[PDB]
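>>> I need the structure of the sequence given here:
(2 chains, ligands or ions: 4)
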Number of protein chains: 2
Amino acid sequence: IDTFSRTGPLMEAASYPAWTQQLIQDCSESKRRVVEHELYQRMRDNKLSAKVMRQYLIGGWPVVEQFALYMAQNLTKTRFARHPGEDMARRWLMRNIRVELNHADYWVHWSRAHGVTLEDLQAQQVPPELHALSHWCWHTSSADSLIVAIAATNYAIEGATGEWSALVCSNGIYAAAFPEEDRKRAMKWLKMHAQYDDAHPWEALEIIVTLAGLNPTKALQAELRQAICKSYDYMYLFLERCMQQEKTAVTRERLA
Amino acid sequence: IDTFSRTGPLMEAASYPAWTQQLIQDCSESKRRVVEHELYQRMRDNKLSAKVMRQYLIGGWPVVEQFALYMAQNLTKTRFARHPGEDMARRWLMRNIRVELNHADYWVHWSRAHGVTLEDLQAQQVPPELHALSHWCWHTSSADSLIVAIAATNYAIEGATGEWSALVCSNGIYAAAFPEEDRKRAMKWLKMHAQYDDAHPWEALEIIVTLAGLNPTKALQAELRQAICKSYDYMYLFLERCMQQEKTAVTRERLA
Ligand SMILES: CCCCCCCCC/C=C/C(=O)O
Ligand SMILES: CCCCCCCCC/C=C/C(=O)O
Ligand SMILES: [Fe+3]
Ligand SMILES: [Fe+3]
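Residues are numbered from 1 along each chain as shown, chains lettered A, B, ... in the order given. Ligands and ions are numbered 1, 2, ... in the order given. Shown next is the protein structure:
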């Protein structure tokens, strides 16, 4: 039968098969260097330059705007009662597309609090290192299997995003730096995503495990690992380029 | 500007531009012959043969199963803040994909109440006249513009479906023919769709009008009309083939 059914708590690695625990371990350093990135420690402390903050918001926009569209593309690959994991995916995607209803609007508001206009967002004037994530997300959503594309976007990206957004909000400095009358609206996107204990990525993982079963091939495991690490690695590429610009911007004003 | 904003009530033709009222008039006979079809008058009265009832349920299944998938494909065509109608479509599609969460399950239950198993549904052993609707729906959802595909599926098909399902439920005979212990579960799909005053098709129309504006080209109007009438016409083709089989089945037992 090879059929997976969770007994343990949703949000614990030990509730899943050994291969899934292995997958988490194999991707852990790729994840870590994103969720603990220096850029986020600086953002938390309100230290980032206007230039970099602007690039971050513009660069992140396409992935945020199109996030429910990746989910939609994945829904399009599912069929009713073809496999238990596939029914689980269908229902989950139908429920969670709705969750994103206002999230692009919140990003627009976050952006405007830093002087980034809707026009600025739409112009997409950022380095290519910043656009790579969006192209990967569409490629996997378009061309890959459901299980792989869900791993790349709902597990990897949303999981890491819960953690970086929690880090940004973790000491109150960033939020308190906004004028009181601007703060609620500016912070909304971050507040809605800020959680270490968010079920979303664990629900995605559960779906992936159900799709794959107890004994997936090594080849499928490799496909998942590579897709998940690709997502983290493109986030890392984005952040590294941002930090290069940060050093230049800060250094210029230090010397000026 | 050419921009449309509704002043009147949602569910009234007079609230929309003259071209939209014209479009409704041009499609009205195509619609009528579906929503008043003899098959539905017979279904209402519990008269349909086991054979035809079975074919109806099997034949309708793909469109029901894939209905949220058409919506998903249409969501994939939208972009944030590119046009006011397109924002309206995006938000509406994200909200209404969720609405369908349980609807395929309800159809399965309706089907089982007539001895049609999930296996039967999956086998799709029906005439080609019955499959044409599903192929059209996927073609338009896949290849056409958002405005056209939404007109074909959320306006035309869901609108007509509100009306035929209301007709089937209109005198209590069909429902009362089910044994009491089987009735709630058997009737659920029909009950959830049975409405003449459903907002869904009127919300779809409003989106279409907002997308098209006050002065769409004659060419776009023609594309909408032809897409809407195609949907009704494939429903009509389905129903005509069903009634041909009904006459044969009933006549055989009359003479036997
Ligand atoms: C390091 C690159 C930053 C990418 C920007 C975050 C993308 C987050 C996608 C999720 C959006 C949402 O749930 O509303
Ligand atoms: C005449 C052909 C019958 C087609 C079968 C109805 C298709 C209805 C599509 C809507 C399904 C839903 O809202 O859950
Ligand atoms: Fe979100
Ligand atoms: Fe429905």
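
>>> what about the residue of the stretch 1-150 of chain A found nearest ligand 3, neighbour count?
The stretch 1-150 of chain A approaches ligand 3 most closely through residue A:103 (3.7 Å), counting by C-beta to the ion. Placement of C-beta: from N, CA and C, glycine included. The local packing of residue A:103 (other C-beta atoms under 10 Å in any protein chain shown) involves 17 other residues.

>>> try residue A:193
If you count neighbours by other C-beta under 10 Å, residue A:193 ends up with 21.

>>> isn't it up against residue A:165?
Yes - look at residue A:193 against residue A:165 with C-beta atoms under 8 Å: they come within range, at 4.2 Å.

>>> which neighbours do those two share?
Between them, residue A:193 and residue A:165 share no contacting residue under C-beta atoms under 8 Å, 6 or more residues apart in numbering or on different chains.

>>> any idea how far the residue of the stretch 1-150 of chain A closest to ligand 3 is from ligand 2?
26 Å (C-beta to the nearest ligand atom, to the nearest Å).

>>> and that residue, how close does it get to chain B?
10 Å (C-beta to the nearest C-beta, to the nearest Å).

>>> same deal with residue A:48?
According to C-beta to the nearest C-beta, residue A:48 and chain B sit 25 Å apart.

>>> identify the residue spatially nearest to residue A:196, adjacent ones excluded.
Distances taken as C-beta to C-beta, 6 or more residues apart in numbering or on different chains place residue A:166 nearest to residue A:196, at 5.1 Å, with adjacent residues excluded.

>>> next, find the distance separating that neighbour from residue A:158.
In this view, residue A:166 and residue A:158 are 13 Å apart by C-beta to C-beta, to the nearest Å.

>>> next: residue A:83.
Separation of residue A:83 from residue A:158 (C-beta to C-beta): 23 Å.

>>> neighbour count: these two, which is higher?
Shown here are residue A:83 and residue A:158; by other C-beta under 10 Å, residue A:158 has more neighbours (18 against 14).

>>> so who does the most centrally placed residue in chain A touch?
Among the residues of chain A, the one closest to the centroid is residue A:157, at 2.5 Å (C-alpha atoms, centre = their mean). By C-beta under 8 Å, 6+ apart, the contact set of residue A:157 is A:63, A:133, A:137, A:231, A:235.

>>> tell me which element the closest residue to the first one other than its chain neighbours is part of?
Spelled out, it's residue A:63. Leaving aside its chain neighbours, residue A:63 sits nearest to residue A:134 (5.1 Å; criterion: C-beta to C-beta, 6+ apart). Assigned by DSSP states H and E, residue A:134 belongs to helix A:128-143.

>>> and that helix, what does it pack onto?
Judged by 3 or more C-beta pairs under 8 Å, 6 or more residues apart in numbering or on different chains; DSSP states H and E, the packing partners of helix A:128-143 are helix A:50-65, helix A:67-75, helix A:146-150, helix A:218-255.

>>> circling back: roughly how far does the residue of the stretch 1-150 of chain A closest to ligand 3 sit from residue B:93?
Note on residue A:103: its distance to residue B:93, by C-beta to C-beta, is 15 Å.

>>> show me how far stretch A:93-112 is from its chain's centre.
13 Å (C-alpha atoms, centre = their mean, to the nearest Å).

>>> right, is that stretch up against ligand 4?
No - remark: stretch A:93-112 sits outside contact range of ligand 4, by C-beta under 5 Å from the ion, the gap being at least 11.6 Å.

>>> start and end of that stretch, how far apart?
With C-alpha to C-alpha, to the nearest Å as the measure, the ends of stretch A:93-112 fall 30 Å from one another.

>>> return the residues in contact with the closest residue to residue A:8 other than its chain neighbours.
Of all residues not flanking residue A:8 in the chain, residue A:15 sits nearest, at 3.2 Å (C-beta to C-beta, 6+ apart). Residue A:15 makes contact with A:6-9, according to C-beta under 8 Å, 6+ apart.

>>> one more: residue A:57?
If you count contacts by C-beta under 8 Å, 6+ apart, residue A:57 has them with A:107, A:110-111, A:114, A:116, A:121.

>>> if we go to 7 Å?
Going by C-beta atoms under 7 Å, 6 or more residues apart in numbering or on different chains, residue A:57 touches A:110-111, A:114, A:116.

>>> before we move on, what about residue A:30?
By C-beta under 7 Å, 6+ apart, the neighbours of residue A:30 are A:229, A:232-233.

>>> near ligand 1, which residues of chain A?
A:60, A:63-64, A:67, A:100, A:103, A:133, A:157-158, A:161, A:193, A:235, A:238-239 (C-beta under 6 Å from any ligand atom).

>>> so which of those residues would you say is closest to ligand 4?
Using C-beta to the ion, residue A:100 comes nearest to ligand 4 of those, at 21.3 Å.

>>> what about the closest residue to that closest one other than its chain neighbours, neighbour count?
Ranked by C-beta to C-beta, 6+ apart and with sequence neighbours excluded, the top spatial neighbour of residue A:100 is residue A:68, at 4.3 Å. Neighbours of residue A:68 under the rule other C-beta under 10 Å: 26.

>>> for ligand 4, see how far away residue A:68 is.
20 Å (C-beta to the ion, to the nearest Å).

>>> same deal with residue A:122?
Counting by C-beta to the ion, the gap from residue A:122 to ligand 4 is 35 Å.

>>> and that residue, what is it in contact with?
Residue A:122 neighbours (C-beta under 7 Å, 6+ apart): none.

>>> and it, which helix or strand is it part of?
Residue-wise, residue A:122 maps onto helix A:118-123 under DSSP H and E.

>>> what are the buried residues along that helix?
A:120-121 (16 or more other C-beta atoms under 10 Å in any protein chain shown).

>>> can you list the helices and strands packed on helix A:128-143 in TSV and add distance to ligand 2?
Shown next, in TSV, are the helices and strands packed on helix A:128-143 (distance: least, C-beta to the nearest ligand atom, whole Å):
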stretch	distance to ligand 2
helix A:50-65	28
helix A:67-75	15
helix A:146-150	22
helix A:218-255	33
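
>>> in a markdown table, list the ones you listed along with distance to residue B:174.
Conversion of these to a markdown table gives the following (distance: least, C-beta to C-beta, whole Å):
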| stretch | distance to residue B:174 |
| --- | --- |
| helix A:50-65 | 46 |
| helix A:67-75 | 33 |
| helix A:146-150 | 38 |
| helix A:218-255 | 48 |
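
>>> and of those helices, who's closest to residue B:252?
helix A:67-75 (43.5 Å; C-beta to C-beta).

>>> quick one: the closest one near ligand 3?
No - judged by C-beta under 5 Å from the ion, helix A:67-75 makes no contact with ligand 3; its nearest approach is 6.2 Å.
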